[PDB]
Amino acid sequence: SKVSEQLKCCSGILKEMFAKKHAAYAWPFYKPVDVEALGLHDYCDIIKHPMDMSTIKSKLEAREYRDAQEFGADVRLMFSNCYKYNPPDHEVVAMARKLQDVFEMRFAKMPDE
């Protein structure tokens, strides 16, 4: 099915996002932001739907995403939360932009038929 194939591409993109070659900028997105350990007392107030790569991985496996668009929405939610909460000069934002570039360039090759 077109959907099965799209999901495989999504699985491949997320696997690449976890790969050692991208770890220097991907690592802060591997798991949910630990608001307690980082002392981000206002994070929950500011961000309504936290998202991270391990959460996306778990959702893909459980077959939560019906298609590439649903999967893409959660990847873009992860980056948007970073752009929303952090000051634009924060290092983590620079890292988000590098990981988003890897994501967008490969997600743009999604099979179209």
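Whichever C-alpha set is largest while still superposing within 1.5 Å between the two forms counts as the rigid core. From 1 onward, residues are counted along the sequence shown.
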{"query": "Which of 75-83 and 38-46 lies farther from this form in 7 other deposited structures of this protein, as RMS of C-alpha positions after a rigid core fit", "finding": "38-46"}
{"query": "103-111 or 1-9, whichever carries the higher mean Cα B-factor", "finding": "1-9"}
{"query": "Entry-level comparison of average CA B-factors, 82-90 and 60-68, reporting the higher stretch", "finding": "60-68"}
{"query": "Deposited CA B-factor, highest of 26, 35, 51, 73", "finding": "35"}
{"query": "CA B-factor ranking of residue 98, expressed as a third of its chain", "finding": "lowest"}
